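1. Experimental coordinates for this protein are included below, preceded by the sequence.
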Amino acid sequence: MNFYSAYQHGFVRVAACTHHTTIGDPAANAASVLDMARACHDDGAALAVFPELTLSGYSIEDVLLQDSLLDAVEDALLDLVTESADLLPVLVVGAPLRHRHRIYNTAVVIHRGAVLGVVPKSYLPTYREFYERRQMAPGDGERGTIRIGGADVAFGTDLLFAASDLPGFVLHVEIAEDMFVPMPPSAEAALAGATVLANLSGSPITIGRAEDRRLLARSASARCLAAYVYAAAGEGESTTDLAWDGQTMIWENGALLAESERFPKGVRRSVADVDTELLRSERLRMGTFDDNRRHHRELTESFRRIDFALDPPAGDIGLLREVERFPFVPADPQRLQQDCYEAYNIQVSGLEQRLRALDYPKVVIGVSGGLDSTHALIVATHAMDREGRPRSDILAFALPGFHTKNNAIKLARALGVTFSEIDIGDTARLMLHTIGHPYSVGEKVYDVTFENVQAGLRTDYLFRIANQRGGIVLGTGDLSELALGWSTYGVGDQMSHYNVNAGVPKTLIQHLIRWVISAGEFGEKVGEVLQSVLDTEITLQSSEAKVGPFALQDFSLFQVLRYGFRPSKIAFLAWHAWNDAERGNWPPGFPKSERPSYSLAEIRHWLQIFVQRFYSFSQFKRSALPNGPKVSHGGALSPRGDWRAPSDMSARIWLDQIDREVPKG
Amino acid sequence: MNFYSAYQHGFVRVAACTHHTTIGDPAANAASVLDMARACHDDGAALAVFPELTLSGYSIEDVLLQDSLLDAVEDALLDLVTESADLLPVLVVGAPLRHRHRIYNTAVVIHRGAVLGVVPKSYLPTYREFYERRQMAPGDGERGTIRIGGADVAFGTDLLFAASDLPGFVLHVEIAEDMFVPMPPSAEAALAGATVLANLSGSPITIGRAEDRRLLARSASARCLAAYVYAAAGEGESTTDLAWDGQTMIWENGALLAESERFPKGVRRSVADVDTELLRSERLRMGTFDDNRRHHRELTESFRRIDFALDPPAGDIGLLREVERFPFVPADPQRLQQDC
Amino acid sequence: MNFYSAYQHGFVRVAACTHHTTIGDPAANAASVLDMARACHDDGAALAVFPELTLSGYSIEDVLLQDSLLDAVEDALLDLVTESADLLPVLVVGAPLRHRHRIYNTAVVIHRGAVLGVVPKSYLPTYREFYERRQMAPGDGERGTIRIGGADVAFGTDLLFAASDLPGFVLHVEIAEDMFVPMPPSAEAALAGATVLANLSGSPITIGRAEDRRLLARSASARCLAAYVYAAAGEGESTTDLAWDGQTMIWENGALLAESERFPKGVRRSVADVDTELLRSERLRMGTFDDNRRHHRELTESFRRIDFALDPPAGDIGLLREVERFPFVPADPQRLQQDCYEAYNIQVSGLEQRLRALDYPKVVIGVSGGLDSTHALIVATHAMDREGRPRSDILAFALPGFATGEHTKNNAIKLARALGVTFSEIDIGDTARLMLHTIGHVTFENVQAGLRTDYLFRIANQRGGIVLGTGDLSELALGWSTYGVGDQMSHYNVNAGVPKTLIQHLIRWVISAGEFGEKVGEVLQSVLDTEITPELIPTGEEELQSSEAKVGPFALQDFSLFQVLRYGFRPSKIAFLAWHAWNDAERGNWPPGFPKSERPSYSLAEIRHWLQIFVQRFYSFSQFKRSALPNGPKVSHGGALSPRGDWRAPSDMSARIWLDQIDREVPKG
Ligand SMILES: Nc1ncnc2c1ncn2[C@@H]1O[C@H](COS(=O)(=O)NC(=O)c2cccnc2)[C@@H](O)[C@H]1O
Ligand SMILES: Nc1ncnc2c1ncn2[C@@H]1O[C@H](COS(=O)(=O)NC(=O)c2cccnc2)[C@@H](O)[C@H]1O
Ligand SMILES: Nc1ncnc2c1ncn2[C@@H]1O[C@H](COS(=O)(=O)NC(=O)c2cccnc2)[C@@H](O)[C@H]1O
Ligand SMILES: Nc1ncnc2c1ncn2[C@@H]1O[C@H](COS(=O)(=O)NC(=O)c2cccnc2)[C@@H](O)[C@H]1O
Ligand SMILES: NC(=O)CC[C@H](N)C(=O)O
Ligand SMILES: NC(=O)CC[C@H](N)C(=O)O
Ligand SMILES: [Cl-]
């Protein structure tokens, strides 16, 4: 495959256009529309949506009832169709059309020189500033065909336009008022299989109406797990009694993909790349979506599929989509503040409940002065506080084996816990002898068993101290560690009584500590020590030198855990997010010296290591996993929760797919 | 008329409650619920909504399948009903109930010492952190009655609880996952005439889930031109694998009427005065609303109306609602900037 | 509540009767029926089912069309109805009745002086020895009412007879051939809410037809998750061309509850107590049952519920049910052998796969010479064998700390050396002695357990192997472990599925199969004799009996565990079941291998005490230990305790309601 073709990774480029209305002049509306569609063609778009009653103007009132206007609309529409023979995108053009007795408010769905369909507006508003049932007829329940340019084409509120070469691209078209009713045609359509929901809108602008437009469009994209395309009327509509801002916007599953200047001077587009695979995946996993479709089986099987071949460009056309470098760490400072709040509080509260259950025991914790331990200790302190329990019931322990520990003791004494040292070294010596390891005879062999003796002894001592003094062993291994198997399983740091860092990726612990210093509720000196830890630990490096940088691994982990995306898709997404340090945004707290940019070769390498460790090696360590709360919306790794997977499975197909699809550089 | 009685001007006081879950202890959940409902009574509320699976705890997994638990749930539920004989508000209490073959995730709608109804959850999520189809059965399409305390009461996803003395107050009840699907029971219900939409929710909290809760609840209140009552589970739910923030909130036609402290220490309420007349009027003028109901006439006439007499206090009880001095000039500076 | 009332524990007493047919004399058939019904009444039964065409005789052919016969049938049916006013059970009597144009092959459902309903046969067989469509009419699709004794009563294949005071008791009635077709009426009815499926059957006996009766009846009870009551025609049916064996049986969820003597001289009954709660629970947990009902919603909502108040006897009437002492260990030698074969094979095969995955590592196991470690070693050996891998990759380890010396460590060394594994001993004492001192010294037993597991893990790191745990299902249930750094943790637990009552018989199975050496067999029997016999003077206070002293006898806790894990039964129901199973050692069966010196009888007091301990340790304490549990294969049908499998429960939950129920309902003695 061409790795850099957005289309070949499941994307589909869509455009929401606002054009220059020339009320009463259909030929000039068709001119503006043709020019913008030709732009969409140059941009590689597959879809282009224009505003309500595009070809005549929405605001012309009883001028819709004049035969000369309807005739010019027909002529301009046929010109448009003929011109669309050389245009890539599917044009969705509003128009007042003649059928049976009346004129209906229709969107003509045009493609490659033919009319795929004609959708009538379903609910014509007749209230306040709207007088639509005067001039036009409702379409709710109209099926059959309509005759347009010597051809009988599908007509009704029950169409679907499915791309035969892009199965993720299945189009449905409603109009303005349609999406504001309790049961919108688009919802049925989505259950019926529509993935891109289009809305043509005239929408006279008003104080607070753009807010309502966004509310309903976003809510639609989320509830229907689909993409939503909205286009409103702009410059040219009669200002006899209304004004027009020409807003266009593109939503996808609740997230604004793009939007355009309000009240512009001149035509505007919103062009974006819709990840059909993200929709596919959200729908694969949300059983209740298909359950809802089944409950409404009769309503949903009555849709008609009009198949068409899009044949998109197969080359490099960029990616009109903002792939954030940190799926777990939003780069918008306000959103990151909210995220850190939520994470920190769910950790504290999960620990609080575990503590209340056990008659308020003690909290035994081994603190190394690194990030995860620091944060876990902060968490336990707050949990104990909110429960009105002495901080002296927290028992921090520095357990040296064979510079950073000073952070740990400074922090422990600042917080007010019970600090203590236990030099496991001698117990390690004894054990290494009793098993006959070369180090007890004096040859420096620092293999795995050497290091695991110390790790397991730290955990062993903590467990026995908990048993002796009546407490519980708080864990500190974080989500990215679980995803990679970067722990000692069993007798080791993997085991504990209640891990509060279990659901937190490594990349978000840094910002949780930054958040705690910012909130600074523990005190000034405590902020000083925490800040010290932050500056000390970043310049983890040891950890990230065998499993790769956690920025790239949390990127891959998010893609896998949330979407199950194949390796090639993760490589493409990571390369667009990370390959350039200047492009895209960075979250707060990243000095320009700690703002790296990774290459495709690096992404490919760490992706190989990731698929190997996550699908295959590491699973068994998560399989027997202490309790602890889920944090991110990307998921957790509990086998009693978000990740049910086998312990004895190989990652051959993932490595093989990387081999076949991801280029070496 | 008593000019200062909010009820006599079309208002109806509603409460969204988060209580103290005691997982596995139905009697203690009923205790917390009774205390909060007694508060709602003192506040003059007509409606009080509690979280998903209130009487047993939402997070207890296969403990729902133990006969001793189900039996204690039945006992606590009957105590609650009997105590509600002296309580003004309509109690909406979650519970795992026994019907036909399985246990359904139900909300018991209780009023003045009787059970007006029993609504089952419609879409049981079985994905990610959710394992609900294991223990419980879907209610989508279940009609008929259920036997609760020597009485056959209405059972199904098609109920409406209409106040015979407050025609603007017509209640419908869905549960959690119900409002997240493309076609939620509440929308049908609203076309069918429901004005106050209740949602009992367990909702394990997550980064960005409260945003989604608000998005869908507000979007529901706007699209359905109705009031939306949301109540999530709080302190007490098993933190084996999830955490719980206990958010409660009250929306009305897209506008947040009230909300409560997230991650509280102790029970919380959101009590607000819903202007049923504002809903009545928005619906009088939006023709396309009734047009939508007509297009779905068969779906919408199949609802069952359970009538009940609320008899609210007729005196001065304040007005739990922020009436802005300038309907044209919003007092929030950011909103006023946008408006200008 | 009365603790000894089978009814107040969800049971219902049912009867399948074969009577003395007197072909052509409806009065004489009503006489036999009334006598047997009065018997069932004295027994306290709620239901009594009689054979096809009871009042007339199934075999009287065209005499069914004689008006005098039909009239005598109606007269005897009305007599029966009137007499039933003082009869506890619901009578289901066959009769050829007049409706619209023809006579239908009906079962009259009679109760307390009134006719609850009239169910016609649905599929009249007309083939081979059967000529039923000649005299009678099919009832498939007949609804409405029928006039019987000046009363309009329900008539059709769509009825349900539900007890208003016994909600688990919902009766459906079909007739003979009905249950032999691809889609029997009883399956629909079960989906519709039927719990007891009744069959009136004439059934001329033939070589192998009792086999077909049993096959289909048991299959019905299993698939429909119901009780199936069967009654066939006996002495008195015309032997002009057929013979009649009068078989009656009562099935429950695929398990034969009762049956009667074939070809008897004189009438017979099969009376049993059906556990409605068992059905209720099987249906609570099998979502696909309700899934199937919903898929056929039209068929299943069309049923009509006829309500009747049974008012059963509230006293002690015993329990006509064989409750086995060892729910995990069947007392039938053939079934126990099959069980043990299956269990042993799934353990071996699960370990085989885990090993193939890891390119065949070594197998580190600490062997103390107790049952669980012994069996785990045997399984590991067999797994290594069948995968064609050197037995010297099995690393057994005796890690003693404070034991002075005992026969069990010799058991360990002897078995390991007889198997040909790689045995080594390592005295953890010093590390514990150091460890204790370092933490500033109950605690020391915790330290030893921790250090055993720590050392095994580090040795597996050193020599490139996986620690193979030995914890069994009973220890997991009750929390008899050291969590985390302790005997709970391993890389793969082969014994997790197996309860402790079954480990002994797995070892006996291995011995009797004798696939290993005769020396291996002798040492295994030594292990059995050593561990299952209490030490005269406690050997250092560590063995199997120590766990028994703290958590109660496993014979009782495995019983409670099966009930809880499979059926979710309330404590009082468990106490009732166990008290009937165990209180009398001379009654019921024992599995093979119990010398009559090891056959105890437990009291209500003991059952109640250990049940308190059990609900407290299972619902509340021990859950957090299972929550983080190594891999391993599920063994019994009763379930496992994996959090990724059969038991999803909270770690921070109290057992208060179960204790409160034990206090409110189970007597102190
Ligand atoms: N001096 C100390 N005092 C007290 N507690 C200490 C001390 N040192 C460590 N810890 C503990 O280990 C946790 C983090 O472990 S680690 O060093 O980041 N990673 C590994 O061991 C590792 C990596 C890969 C595979 N296997 C093992 C820390 O939270 C803390 O609980
Ligand atoms: N799927 C499995 N199921 C059950 N047991 C398994 C499975 N795979 C291996 N093992 C065994 O568990 C021990 C794992 O070692 S460790 O202390 O967690 N960490 C390390 O080795 C380590 C090495 C290199 C880099 N980073 C960490 C091993 O000895 C192995 O015998
Ligand atoms: N001397 C030994 N040599 C070699 N391996 C040994 C030795 N002793 C034990 N093991 C091992 O521990 C497994 C089971 O332990 S136990 O004795 O039944 N009970 C407990 O540990 C216990 C009970 C209650 C609370 N906490 C701990 C055994 O299968 C064996 O693998
Ligand atoms: N729900 C929980 N979640 C997480 N951690 C918990 C929880 N409850 C306690 N803990 C802690 O874990 C240790 C477990 O100890 S143990 O080695 O498995 N043996 C024993 O408890 C034991 C006690 C009495 C008699 N016999 C055995 C406990 O001391 C406690 O500190
Ligand atoms: N033009 C229309 O159909 C009405 C659209 C307008 N935005 C509304 O919300 O009603
Ligand atoms: N408990 C549930 O049914 C799920 C509610 C959860 N808030 C969701 O959006 O799916
Ligand atoms: Cl072990």
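-> Received the coordinates, thanks. Numbering: from 1, shown residues only, chains lettered A, B, ... in the order given. Ligands and ions are numbered 1, 2, ... in the order given.

2. Tell me, how many residues neighbour residue A:591?
-> Using other CB atoms under 10 Å in any protein chain shown as the criterion, residue A:591 is surrounded by 8 other residues. (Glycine included, C-beta is placed from N, CA and C.)

3. where does it fall, helix, sheet strand or coil?
-> What DSSP: H, G, I helix; E, B strand; the rest coil gives for residue A:591 is coil.

4. Now do it against residue A:534, distance only.
-> Applying CB to CB, to the nearest Å, the value for residue A:591 to residue A:534 is 12 Å.

5. Residue in the stretch 401-550 of chain A with the shortest distance to chain B?
-> Closest to chain B within the stretch 401-550 of chain A is residue A:498: 8.1 Å, counting by CB to the nearest CB.

6. Quick one: check the regular element (helix or strand) spanning residue A:449 for contact with ligand 3.
-> Secondary structure from DSSP states H and E places residue A:449 in helix A:448-469. No. Shown here: helix A:448-469 not in contact with ligand 3 (CB under 6 Å from any ligand atom), separated by at least 10.2 Å.

7. and that helix, which residues are buried?
-> Of all the residues in helix A:448-469, those buried under the rule 16 or more other CB atoms under 10 Å in any protein chain shown are A:449-450, A:452-469.

8. just stretch A:650-657 next, same as before
-> Buried residues in stretch A:650-657, counted by 16+ other CB under 10 Å: A:651, A:654-655.

9. roughly how far apart are the residue lying farthest from the centre of chain A and residue A:432?
-> Centroid-distance maximum for chain A: residue A:441 at 55.0 Å, with CA atoms, centre = their mean. Per CB to CB, residue A:441 is found 9 Å from residue A:432.

10. Of the buried residues of stretch A:650-657, which ones also sit close to ligand 1?
-> Among those, no residue sits close to ligand 1 (CB under 6 Å from any ligand atom).

11. Ligand 5: which of those residues is nearest?
-> residue A:654 (47.0 Å; CB to the nearest ligand atom).

12. Secondary structure element holding the closest one?
-> Using DSSP H and E, residue A:654 maps to helix A:652-661.

13. Tell me which helix or strand comes right after the strand or helix carrying residue A:372.
-> For residue A:372, the host element (DSSP H and E) is helix A:371-386. Downstream of helix A:371-386, the first helix or strand assigned by DSSP H and E is strand A:394-398.

14. Tell me the helices and strands packed up against that following strand.
-> For strand A:394-398, the contact count by 3 or more CB pairs under 8 Å, 6 or more residues apart in numbering or on different chains; DSSP states H and E identifies strand A:362-366, helix A:371-386, helix A:405-415, strand A:418-421, helix A:448-469 as packing neighbours.

15. Please see if it touches ligand 4.
-> No. Remark: strand A:394-398 sits outside contact range of ligand 4, by CB under 6 Å from any ligand atom, the gap being at least 11.8 Å.

16. For that strand, which strands pair with it and how are they oriented?
-> Partner strands for strand A:394-398, per DSSP bridges, with pairing direction: strand A:362-366 (parallel), strand A:418-421 (parallel).

17. Of those strands, which is nearest residue A:102?
-> Checking the strands paired with strand A:394-398 against residue A:102 by CB to CB gives strand A:362-366 as the closest, at 74.6 Å.

18. got the CA coordinates for the closest one in PDB?
-> Backbone C-alpha positions of strand A:362-366 (Å, rounded to 0.1, in the frame of the first residue of the first chain) are rendered in PDB as follows:
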ATOM      1  CA  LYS A 362      -2.500   1.700  57.600                       C
ATOM      2  CA  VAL A 363      -0.900   2.400  54.200                       C
ATOM      3  CA  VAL A 364       2.400   0.700  53.600                       C
ATOM      4  CA  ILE A 365       4.200   2.200  50.500                       C
ATOM      5  CA  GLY A 366       7.700   1.900  49.100                       C
END
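
19. any idea what the closest residue to ligand 2 within the stretch 401-550 of chain A is structurally, helix, strand or coil?
-> Using CB to the nearest ligand atom, the closest approach of the stretch 401-550 of chain A to ligand 2 is made by residue A:489 at 3.1 Å. Here residue A:489 is coil, with the state taken from three-state DSSP.

20. what's the answer for the one 3 residues further on, then?
-> Under the three-state scheme (three-state DSSP), the conformation of residue A:492 reads as coil.

21. List the single closest residue to the closest residue to ligand 6 within the stretch 501-650 of chain A in space, sequence neighbours excluded.
-> The minimum distance from the stretch 501-650 of chain A to ligand 6, using CB to the nearest ligand atom, falls at residue A:633 (10.2 Å). Leaving aside its sequence neighbours, residue A:633 sits nearest to residue B:208 (CB to CB, 6 or more residues apart in numbering or on different chains; 4.9 Å).

22. deepest of the strands paired with strand A:394-398, which one?
-> strand A:362-366 (a mean of 26; mean count of other CB atoms under 10 Å in any protein chain shown).

23. tell me the contacts of residue A:146?
-> Contacts of residue A:146 were listed using CB atoms under 8 Å, 6 or more residues apart in numbering or on different chains, and they are A:97, A:99, A:118, A:152-153, A:155.

24. Most neighbours of all those residues, which one?
-> When neighbours are counted by other CB under 10 Å, residue A:118 leads these with 27 neighbours.

25. That residue should be in a strand, yeah?
-> Yes. Counting by three-state DSSP, residue A:118 is located in a strand.

26. Run through the bridge partners of it.
-> The partner residues for residue A:118, given DSSP bridges, come to residue A:108, residue A:155.

27. any idea how far it is from ligand 4?
-> Between residue A:118 and ligand 4 the distance is 64 Å, computed by CB to the nearest ligand atom, to the nearest Å.

28. thought that residue was touching residue A:98?
-> No. Residue A:118 lies out of contact with residue A:98 (CB atoms under 8 Å); the separation is 10.9 Å.

29. any residues in contact with both of these two?
-> The contact sets of residue A:118 and residue A:98 do not overlap (CB under 8 Å, 6+ apart).

30. C-alpha coordinates for stretch A:205-221, PDB please?
-> Extracted in PDB, the C-alpha atoms of stretch A:205-221 (Å, rounded to 0.1, in the frame of the first residue of the first chain):
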ATOM      1  CA  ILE A 205     -28.800  33.500  12.300                       C
ATOM      2  CA  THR A 206     -29.800  34.700  15.800                       C
ATOM      3  CA  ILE A 207     -28.400  35.300  19.200                       C
ATOM      4  CA  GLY A 208     -27.700  31.800  20.500                       C
ATOM      5  CA  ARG A 209     -28.700  29.900  17.400                       C
ATOM      6  CA  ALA A 210     -25.100  28.900  16.400                       C
ATOM      7  CA  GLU A 211     -24.800  27.500  19.900                       C
ATOM      8  CA  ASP A 212     -27.900  25.400  19.300                       C
ATOM      9  CA  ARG A 213     -26.600  24.300  15.900                       C
ATOM     10  CA  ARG A 214     -23.400  23.100  17.500                       C
ATOM     11  CA  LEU A 215     -25.300  21.500  20.400                       C
ATOM     12  CA  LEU A 216     -27.500  19.400  18.200                       C
ATOM     13  CA  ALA A 217     -24.900  18.600  15.500                       C
ATOM     14  CA  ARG A 218     -22.300  17.500  18.000                       C
ATOM     15  CA  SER A 219     -24.900  15.600  20.000                       C
ATOM     16  CA  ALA A 220     -25.900  13.900  16.800                       C
ATOM     17  CA  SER A 221     -22.400  13.000  15.900                       C
END
